[PDB]
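Text of final.pdb, listed as PDB, C-alpha atoms and all ligand atoms:
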ATOM      1  CA  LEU A 582     -19.460-249.383  -2.997
ATOM      2  CA  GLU A 583     -23.186-249.904  -3.550
ATOM      3  CA  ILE A 584     -25.233-250.993  -6.554
ATOM      4  CA  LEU A 585     -27.389-248.459  -8.419
ATOM      5  CA  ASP A 586     -29.474-249.058 -11.536
ATOM      6  CA  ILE A 587     -29.838-246.928 -14.670
ATOM      7  CA  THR A 588     -33.224-246.308 -16.283
ATOM      8  CA  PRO A 589     -34.756-244.372 -19.182
ATOM      9  CA  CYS A 590     -35.597-240.784 -18.334
ATOM     10  CA  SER A 591     -39.253-240.998 -19.335
ATOM     11  CA  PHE A 592     -39.046-241.993 -23.032
ATOM     12  CA  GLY A 593     -42.537-242.205 -24.496
ATOM     13  CA  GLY A 594     -44.786-240.545 -27.054
ATOM     14  CA  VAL A 595     -47.219-237.641 -27.417
ATOM     15  CA  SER A 596     -50.445-238.044 -29.388
ATOM     16  CA  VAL A 597     -52.920-235.167 -29.662
ATOM     17  CA  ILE A 598     -56.669-235.764 -29.876
ATOM     18  CA  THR A 599     -58.665-233.081 -31.653
ATOM     19  CA  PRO A 600     -61.845-232.646 -33.675
ATOM     20  CA  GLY A 601     -61.663-230.723 -36.922
ATOM     21  CA  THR A 602     -60.503-227.157 -36.371
ATOM     22  CA  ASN A 603     -63.474-226.186 -38.543
ATOM     23  CA  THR A 604     -65.593-227.513 -35.640
ATOM     24  CA  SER A 605     -63.772-226.389 -32.484
ATOM     25  CA  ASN A 606     -60.396-225.567 -30.962
ATOM     26  CA  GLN A 607     -60.260-227.681 -27.789
ATOM     27  CA  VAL A 608     -57.626-230.415 -27.555
ATOM     28  CA  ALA A 609     -56.931-233.406 -25.324
ATOM     29  CA  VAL A 610     -53.460-234.942 -25.153
ATOM     30  CA  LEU A 611     -52.135-238.488 -24.753
ATOM     31  CA  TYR A 612     -48.891-239.643 -23.134
ATOM     32  CA  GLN A 613     -47.937-242.979 -24.663
ATOM     33  CA  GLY A 614     -47.101-245.814 -22.285
ATOM     34  CA  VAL A 615     -46.208-243.771 -19.198
ATOM     35  CA  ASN A 616     -47.927-243.658 -15.829
ATOM     36  CA  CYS A 617     -48.939-240.029 -15.743
ATOM     37  CA  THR A 618     -48.893-239.644 -12.022
ATOM     38  CA  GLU A 619     -45.232-239.270 -13.007
ATOM     39  CA  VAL A 620     -45.938-236.490 -15.492
ATOM     40  CA  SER A 621     -48.326-234.781 -13.055
ATOM     41  CA  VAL A 622     -45.415-234.321 -10.665
ATOM     42  CA  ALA A 623     -43.237-233.590 -13.734
ATOM     43  CA  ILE A 624     -45.376-230.596 -14.897
ATOM     44  CA  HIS A 625     -45.117-229.372 -11.254
ATOM     45  CA  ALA A 626     -41.301-229.563 -11.659
ATOM     46  CA  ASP A 627     -41.721-228.192 -15.243
ATOM     47  CA  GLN A 628     -39.155-230.813 -16.426
ATOM     48  CA  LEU A 629     -41.350-231.744 -19.448
ATOM     49  CA  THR A 630     -39.393-231.133 -22.679
TER      50      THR A 630
ATOM     51  CA  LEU B 727     -54.189-267.904 -39.156
ATOM     52  CA  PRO B 728     -52.349-264.839 -37.812
ATOM     53  CA  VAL B 729     -54.368-261.631 -37.885
ATOM     54  CA  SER B 730     -51.992-258.957 -36.602
ATOM     55  CA  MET B 731     -48.475-258.264 -35.355
ATOM     56  CA  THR B 732     -47.144-256.107 -32.537
ATOM     57  CA  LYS B 733     -47.459-252.404 -33.358
ATOM     58  CA  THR B 734     -44.209-250.424 -33.225
ATOM     59  CA  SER B 735     -43.647-246.666 -32.873
ATOM     60  CA  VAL B 736     -39.866-246.247 -33.133
ATOM     61  CA  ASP B 737     -38.686-242.630 -32.992
ATOM     62  CA  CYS B 738     -35.918-241.111 -35.099
ATOM     63  CA  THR B 739     -34.131-238.786 -32.697
ATOM     64  CA  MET B 740     -34.556-240.890 -29.568
ATOM     65  CA  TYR B 741     -33.334-244.059 -31.281
ATOM     66  CA  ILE B 742     -30.411-242.563 -33.198
ATOM     67  CA  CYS B 743     -29.162-239.632 -31.073
ATOM     68  CA  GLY B 744     -30.088-240.185 -27.448
ATOM     69  CA  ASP B 745     -30.491-236.697 -25.982
ATOM     70  CA  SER B 746     -27.565-235.229 -27.960
ATOM     71  CA  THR B 747     -28.179-231.777 -29.426
ATOM     72  CA  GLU B 748     -25.224-231.911 -31.836
ATOM     73  CA  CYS B 749     -26.263-235.373 -33.015
ATOM     74  CA  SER B 750     -29.842-234.217 -33.599
ATOM     75  CA  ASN B 751     -28.569-231.159 -35.484
ATOM     76  CA  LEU B 752     -26.436-233.315 -37.776
ATOM     77  CA  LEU B 753     -29.445-235.596 -38.255
ATOM     78  CA  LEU B 754     -31.442-232.570 -39.440
ATOM     79  CA  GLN B 755     -28.903-232.238 -42.271
ATOM     80  CA  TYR B 756     -30.228-235.573 -43.607
ATOM     81  CA  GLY B 757     -33.538-234.007 -44.622
ATOM     82  CA  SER B 758     -36.869-235.713 -44.055
ATOM     83  CA  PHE B 759     -35.403-239.194 -44.498
ATOM     84  CA  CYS B 760     -36.927-240.568 -41.301
ATOM     85  CA  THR B 761     -40.326-238.855 -41.307
ATOM     86  CA  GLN B 762     -40.985-241.482 -43.971
ATOM     87  CA  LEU B 763     -40.143-244.163 -41.397
ATOM     88  CA  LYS B 764     -42.464-242.638 -38.800
ATOM     89  CA  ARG B 765     -45.291-242.410 -41.338
ATOM     90  CA  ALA B 766     -44.707-246.002 -42.466
ATOM     91  CA  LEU B 767     -44.799-247.283 -38.886
ATOM     92  CA  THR B 768     -48.020-245.378 -38.244
ATOM     93  CA  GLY B 769     -49.317-247.016 -41.413
ATOM     94  CA  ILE B 770     -48.381-250.539 -40.335
ATOM     95  CA  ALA B 771     -50.094-249.988 -36.981
ATOM     96  CA  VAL B 772     -53.191-248.729 -38.806
ATOM     97  CA  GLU B 773     -53.299-251.785 -41.069
ATOM     98  CA  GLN B 774     -52.926-254.082 -38.057
TER      99      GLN B 774
HETATM  100  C1  LIG C 801     -48.695-247.532 -12.842
HETATM  101  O1  LIG C 801     -50.069-247.297 -12.452
HETATM  102  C2  LIG C 801     -50.336-246.668 -11.183
HETATM  103  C3  LIG C 801     -50.259-245.169 -11.390
HETATM  104  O2  LIG C 801     -48.925-244.678 -11.344
HETATM  105  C4  LIG C 801     -49.462-247.191 -10.036
HETATM  106  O3  LIG C 801     -50.054-248.370  -9.503
HETATM  107  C5  LIG C 801     -48.022-247.476 -10.446
HETATM  108  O4  LIG C 801     -47.312-246.253 -10.613
HETATM  109  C6  LIG C 801     -47.966-248.273 -11.738
HETATM  110  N1  LIG C 801     -48.523-249.602 -11.545
HETATM  111  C7  LIG C 801     -48.042-250.689 -12.158
HETATM  112  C8  LIG C 801     -48.736-251.981 -11.844
HETATM  113  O5  LIG C 801     -47.091-250.632 -12.930
END
Go through the file and emit its structure as structure tokens.
Amino acid sequence: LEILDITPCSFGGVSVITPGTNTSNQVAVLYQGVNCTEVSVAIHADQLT
Amino acid sequence: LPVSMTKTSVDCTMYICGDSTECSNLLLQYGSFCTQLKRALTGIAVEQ
């Protein structure tokens, strides 16, 4: 008999930054509109889709 | 004079079939209908 909220799981967006593959192969990733101290613990739990 | 509007990035699967594998599968039967929507929303953000 207590009150509990309901929230989105982590719904956001993934954008990938990259130079031309004719130049290099390194990549840096974005995580749209999410505090990524939350994904840093998430990769530890490997719960990232 | 307005110069820009709020940029939107709606997503097909997450909007239509919230975390439902069967729903996403039946959405795949609709072809690339909504990739057009994603591209158009990227476009509107770019023009803003
Ligand atoms: C998001 O930013 C940091 C990093 O997580 C932290 O202060 C908190 O989680 C959030 N802060 C605000 C103001 O939403």
Kindly provide the residues of chain A that approach ligand LIG 801 (chain C) to within 8 Å, each paired with its closest atom pair and their distance in Å to one decimal, based on all atoms listed in the file, listed by chain and increasing number, as a Markdown table.
| residue | atom | partner | partner_atom | distance |
| --- | --- | --- | --- | --- |
| A:615 | CA | C:LIG801 | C1 | 7.8 |
| A:616 | CA | C:LIG801 | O2 | 4.7 |
| A:617 | CA | C:LIG801 | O2 | 6.4 |
| A:618 | CA | C:LIG801 | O2 | 5.1 |
| A:619 | CA | C:LIG801 | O2 | 6.8 |
Query - Given the ChimeraX specification (/A :<9) & /B, the residues it picks as number ranges by chain - result: B: 735, 737, 740
Output C-alpha atoms for every residue in that selection, as a PDB file, in the coordinates of the input.
ATOM      1  CA  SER B 735     -43.647-246.666 -32.873  1.00  0.00           C
ATOM      2  CA  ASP B 737     -38.686-242.630 -32.992  1.00  0.00           C
ATOM      3  CA  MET B 740     -34.556-240.890 -29.568  1.00  0.00           C
TER       4      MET B 740
END
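Note that atom CA of residue B:747 and atom CA of residue A:611 are 25.3 Å apart.
Rounded to one decimal, atom CA of residue A:587 and atom CA of residue B:736 lie 21.0 Å from each other.
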Query raised in the report: To one decimal place, how far is atom CA of residue B:731 from atom CA of residue B:773 in Å?
Result: 9.9 Å
Query - 10 Å contact set for stretch 748-758 of chain B, all atoms listed in the file, chain neighbours under 5 positions out, as a ChimeraX atom specification - result: /B:738-740,742-743,763
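The residue set within 12 Å of residue B:772, counting all atoms listed in the file and dropping same-chain residues fewer than 6 places from it, reads residues 730, 731, 732, 733, 734, 735, 765 and 766 of chain B.
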Can you take the partial stretch 598-610 of chain A, add N, CA, C and O atoms, and return it as an mmCIF file, in the frame of the given file?
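The resulting part39.cif:
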data_model
loop_
_atom_site.group_PDB
_atom_site.id
_atom_site.type_symbol
_atom_site.label_atom_id
_atom_site.label_comp_id
_atom_site.auth_asym_id
_atom_site.auth_seq_id
_atom_site.Cartn_x
_atom_site.Cartn_y
_atom_site.Cartn_z
ATOM 1 N N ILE A 598 -55.306 -235.494 -29.438
ATOM 2 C CA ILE A 598 -56.669 -235.764 -29.876
ATOM 3 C C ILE A 598 -57.332 -234.427 -30.164
ATOM 4 O O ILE A 598 -57.252 -233.501 -29.352
ATOM 5 N N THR A 599 -57.991 -234.323 -31.312
ATOM 6 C CA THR A 599 -58.665 -233.081 -31.653
ATOM 7 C C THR A 599 -59.751 -233.356 -32.677
ATOM 8 O O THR A 599 -59.572 -234.205 -33.559
ATOM 9 N N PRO A 600 -60.886 -232.684 -32.571
ATOM 10 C CA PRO A 600 -61.845 -232.646 -33.675
ATOM 11 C C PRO A 600 -61.341 -231.672 -34.733
ATOM 12 O O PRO A 600 -60.344 -230.979 -34.545
ATOM 13 N N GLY A 601 -62.040 -231.643 -35.864
ATOM 14 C CA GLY A 601 -61.663 -230.723 -36.922
ATOM 15 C C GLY A 601 -61.658 -229.286 -36.427
ATOM 16 O O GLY A 601 -62.574 -228.844 -35.731
ATOM 17 N N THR A 602 -60.596 -228.555 -36.779
ATOM 18 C CA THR A 602 -60.503 -227.157 -36.371
ATOM 19 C C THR A 602 -61.645 -226.332 -36.945
ATOM 20 O O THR A 602 -61.978 -225.272 -36.406
ATOM 21 N N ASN A 603 -62.254 -226.799 -38.036
ATOM 22 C CA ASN A 603 -63.474 -226.186 -38.543
ATOM 23 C C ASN A 603 -64.658 -226.383 -37.606
ATOM 24 O O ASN A 603 -65.684 -225.717 -37.783
ATOM 25 N N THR A 604 -64.543 -227.276 -36.623
ATOM 26 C CA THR A 604 -65.593 -227.513 -35.640
ATOM 27 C C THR A 604 -65.313 -226.824 -34.311
ATOM 28 O O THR A 604 -66.185 -226.133 -33.776
ATOM 29 N N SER A 605 -64.109 -226.988 -33.768
ATOM 30 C CA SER A 605 -63.772 -226.389 -32.484
ATOM 31 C C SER A 605 -62.264 -226.216 -32.393
ATOM 32 O O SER A 605 -61.533 -226.446 -33.358
ATOM 33 N N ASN A 606 -61.810 -225.808 -31.207
ATOM 34 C CA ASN A 606 -60.396 -225.567 -30.962
ATOM 35 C C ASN A 606 -59.873 -226.260 -29.711
ATOM 36 O O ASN A 606 -58.678 -226.146 -29.416
ATOM 37 N N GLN A 607 -60.724 -226.961 -28.967
ATOM 38 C CA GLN A 607 -60.260 -227.681 -27.789
ATOM 39 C C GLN A 607 -59.430 -228.892 -28.193
ATOM 40 O O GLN A 607 -59.617 -229.472 -29.267
ATOM 41 N N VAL A 608 -58.502 -229.277 -27.316
ATOM 42 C CA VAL A 608 -57.626 -230.415 -27.555
ATOM 43 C C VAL A 608 -57.444 -231.199 -26.264
ATOM 44 O O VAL A 608 -57.462 -230.648 -25.162
ATOM 45 N N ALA A 609 -57.270 -232.509 -26.419
ATOM 46 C CA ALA A 609 -56.931 -233.406 -25.324
ATOM 47 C C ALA A 609 -55.716 -234.216 -25.746
ATOM 48 O O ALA A 609 -55.637 -234.662 -26.894
ATOM 49 N N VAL A 610 -54.775 -234.402 -24.828
ATOM 50 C CA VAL A 610 -53.460 -234.942 -25.153
ATOM 51 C C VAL A 610 -53.315 -236.337 -24.562
ATOM 52 O O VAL A 610 -53.921 -236.658 -23.533
#
